[PDB]
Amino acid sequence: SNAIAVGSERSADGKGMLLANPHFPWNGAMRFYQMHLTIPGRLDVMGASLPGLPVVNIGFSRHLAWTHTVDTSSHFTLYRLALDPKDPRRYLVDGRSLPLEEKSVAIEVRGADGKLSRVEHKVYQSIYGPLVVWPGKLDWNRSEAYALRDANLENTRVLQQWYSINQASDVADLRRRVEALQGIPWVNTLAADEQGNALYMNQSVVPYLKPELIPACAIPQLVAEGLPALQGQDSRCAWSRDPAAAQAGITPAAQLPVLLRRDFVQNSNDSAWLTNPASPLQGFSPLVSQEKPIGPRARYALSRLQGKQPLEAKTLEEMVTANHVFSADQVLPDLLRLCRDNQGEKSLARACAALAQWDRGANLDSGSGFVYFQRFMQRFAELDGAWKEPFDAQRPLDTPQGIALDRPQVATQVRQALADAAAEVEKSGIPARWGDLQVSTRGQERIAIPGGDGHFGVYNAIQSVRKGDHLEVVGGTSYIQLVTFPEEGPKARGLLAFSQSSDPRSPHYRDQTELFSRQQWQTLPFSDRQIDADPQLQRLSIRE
């Protein structure tokens, strides 16, 4: 997901502006759906929501727009259990042997014969939660096992939280409502209002451990890999209690990152750290936010946002619709140098020509250079010390960058990766542009879809899978909403990329998907005047 909130110091009209570009599944239990909800006099909010939820999840109202992105915070902890040396169904806490609990469930299974059989399954539980096995990594052997404590299991406030967000007047109000309730499970919140405030909050439900406990309560080898894992044999590694937290064992709102600015805030799924580089967010718990290298989507956004020039709605729209493959900025110049260093090398000729001809985009019309680039980058990602300039913590916006072609082993390994990538591409059956390959199937038709994987730094992130002769879209850009605040009322533009209905019979199964293909965003009508101006307007009243 991407989100950018712009404030009075950078917006062209001196008011607030919000771009919401969540990247989420195109099918299933997380498939966004548009709606506008009104209880006249006390609620009026429009946006999109996940299936089954009677609240707006990402949206806007008279003076406010907000969105979300998945955060890098931990929302659970693993606990490594020290098993009783005499009994692997018992575990030690402070040297005392405790029994695991057992909870059986029974499932009905439809058999080959069409009849139902009952399957019973035992779920083992510790004081922390259920045990979990990842073979080869988190085993249950005679010495140790792992339990998982999920902080959101006791978060009964989640629906109230979004309903409260739906009632929020401005950024200050939104912040109060989120911090008071702490019902947000696993996302950042970014918002802008009419007065020109830009807000970022890493305000979610995060297991609380006081800082002095972390060095001894962490599992060193697992936290090194970013797995939130604690010592389950010491009662002092229980989640800490604090009267200011909304729920026992979660982090108080005061300890979670918030940035309120009048220029901009951005997030593309990295930590709170570089939300706005002019004001880095530092000093938080490792469970909350760490100073880690930022992904190419955030680097791209930051490259477009820094400076002092006014930002217009159209600027933010084009950050999505440009389909720029930002990871190319990091390696393409050196890749082209390697090509020239190897002229007349048969195995590299088509790749090198495709790359030189490429518009550096994931547009429908983008040439086969994108495909070669992707397969190269998947191999480059496996090479040791191939970056010319590695990640530099004092230069996080511009690093890593370039290929260390001056180092013989790297030059050799990089050339081999390109040859291998090129052979894989030559092997598949490609006549043809990016839109000829990446599609969304609708009935028996296929609609060309622009965008590319977020891992290649395409702001318009699209994830696809090989299916037969094509790449079928499964997730990415979904609900798009771009909101500004002229005097008449909120002006919102966007689309739902996969359309309102998952049903092939629906008039609204592919209508916005055709528009997404052509990158033609539309008005999101909010006021009674806008709704009434729509020549397709239909109305039904129902009661029982």
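Don't overthink the numbering: it's just position in the shown sequence, from 1. Throughout, rigid core stands for the largest set of C-alpha atoms superposing within 1.5 Å between the two forms.
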Which of 404-412 and 157-165 lies farther from this form in 9 other deposited structures of this protein, as RMS of C-alpha positions after a rigid core fit: 404-412
Rigid core superposition result in 9 other deposited structures of this protein, more deviant of 285-293, 422-430 by Cα: 422-430
Gap size between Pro431 and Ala432, counting deposited residues with no coordinates: none, 1 to 3, 4 to 9, or 10 or more? 1 to 3
Can you tell me whether 137-145 has a higher mean C-alpha B factor than 393-401 in this record, or the other way round? 393-401
Where do the C-alpha atoms have the higher mean temperature factor in this entry, in 112-120 or in 468-476? 112-120
Can you pull the Cα B-factors for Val265, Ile107, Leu418, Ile165 from the entry and say which is highest? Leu418
Out of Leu336, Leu100, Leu181, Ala248, which one has a C-alpha B factor higher than all the others in the entry? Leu336
What third of the chain does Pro130 rank in for C-alpha temperature factor, lowest, middle or highest? lowest
Chain thirds of CA B-factor: placement of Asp384: highest
Against its chain's modelled residues, does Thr321's Cα B factor rank lowest, middle or highest third? middle
Using only modelled residues of the chain, where does the Cα B factor of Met17 rank: lowest third, middle third or highest third? middle
What third of the chain does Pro450 rank in for C-alpha temperature factor, lowest, middle or highest? middle
